[PDB]
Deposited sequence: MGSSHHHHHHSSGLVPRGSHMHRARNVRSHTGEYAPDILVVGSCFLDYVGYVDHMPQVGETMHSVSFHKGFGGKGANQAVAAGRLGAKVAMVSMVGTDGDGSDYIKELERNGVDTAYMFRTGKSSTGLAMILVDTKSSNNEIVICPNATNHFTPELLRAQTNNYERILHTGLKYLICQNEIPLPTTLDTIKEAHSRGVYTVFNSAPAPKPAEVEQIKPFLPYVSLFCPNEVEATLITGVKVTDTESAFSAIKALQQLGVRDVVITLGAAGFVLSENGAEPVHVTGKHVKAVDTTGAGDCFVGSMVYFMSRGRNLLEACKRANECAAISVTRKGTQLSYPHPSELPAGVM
């Protein structure tokens, strides 16, 4: 077993649960994009650990969080490699599920540094079979992962939507503080499914496009972001944070006067996971988001020295 094991007494039960995606990033650096029928060689290769769920868990884990990842990977060696990497970055893996019927999720990424263009083919693989029915079957209808000590759930939109939404609803019903980063951007039929679950979301943390798709408010600046915050509170979200990329973020804590704070692969994931870590340490939303925003800049720098 690569995975952690829970105790009978629950003495290592997490403060933060992340229910989401784990994808390996297979990055081939090429002198040009392949044309149809072409066999070529890479000039360099790099294997990375991604998926927004793993990214957000690892962000928290690297700051010391008592975080656990709930996801699905393969029984393949790639799955084993992810499980170990999560442990080495402070993420408990006891509730990582493994399937022999699918490969671990991955993205195949081609990069032309010359032209600095990309091509990306996302292969969620095992992820696609991470359904609410399977989750419930493996967790005694969520009882195994939503223990009484649990303070935070983080979800994204990179696993089957019903799994994300049903988990949010169940955690919220137990008094868990639920955090939903709706990334990647929801499609029209996903927006429709999401809206009735928004009353079970303690904290909705979209970027501008995501806020635009959910609320129908065109978010391009602080003013429109503040309007989106209102639209989201009306849909029943308690706390809102809308990230504005490099231009900072806006937030409202439980309907108080919104606040604007002034200002890259996976920087957003670093922000979200860091934010929850700080909240788990007792910071309020604003304090957590300022600290998260700084962690996110430090992450970009640290990342830049490695690649």
Original post:
Where along the deposited sequence are residues missing from the model?
Top reply: 1-22, 286-292, 337-349
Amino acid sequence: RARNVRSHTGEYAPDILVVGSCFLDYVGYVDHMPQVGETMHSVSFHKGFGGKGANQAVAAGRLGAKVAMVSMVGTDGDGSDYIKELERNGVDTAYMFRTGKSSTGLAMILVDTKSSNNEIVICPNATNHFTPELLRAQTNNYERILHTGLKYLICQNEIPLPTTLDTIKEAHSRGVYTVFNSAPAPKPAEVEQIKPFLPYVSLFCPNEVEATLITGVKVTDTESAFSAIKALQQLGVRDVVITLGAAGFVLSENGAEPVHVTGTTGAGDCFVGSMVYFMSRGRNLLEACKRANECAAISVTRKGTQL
From here on, numbers count along this sequence of modelled residues.
**OP:** State which stretch shows the higher mean Cα B factor in the entry: 192-200 or 157-165.
**Re:** 192-200
Subject >> Mean C-alpha temperature factor, higher of 140-148 and 170-178 >> reply: 140-148
Original post:
For the listed residues 81, 133, 87, 223, which one has the largest C-alpha B-factor as given in the deposited model?
Top reply: 223
Original post:
Per the PDB entry, which option out of 273, 34, 64, 51 has the greatest Cα B factor?
Top reply: 34
Original post:
Based on the entry's values, in what third of the chain does the Cα temperature factor of residue 92 lie: lowest, middle or highest?
Top reply: lowest
Original post:
Taking the C-alpha B-factors as the PDB entry records them, is residue 187 in the lowest, middle or highest third of its chain?
Top reply: highest
**OP:** Using the B-factor values recorded in the entry, state whether the Cα atom of residue 230 falls in the lowest, middle or highest third among the modelled residues of its chain.
**Re:** highest
Original post:
C-alpha B factor of residue 129, ranked within the chain: lowest, middle or highest third?
Top reply: lowest
**OP:** Place residue 239 in the lowest, middle or highest third of its chain's C-alpha B-factors, as listed in the PDB entry.
**Re:** middle
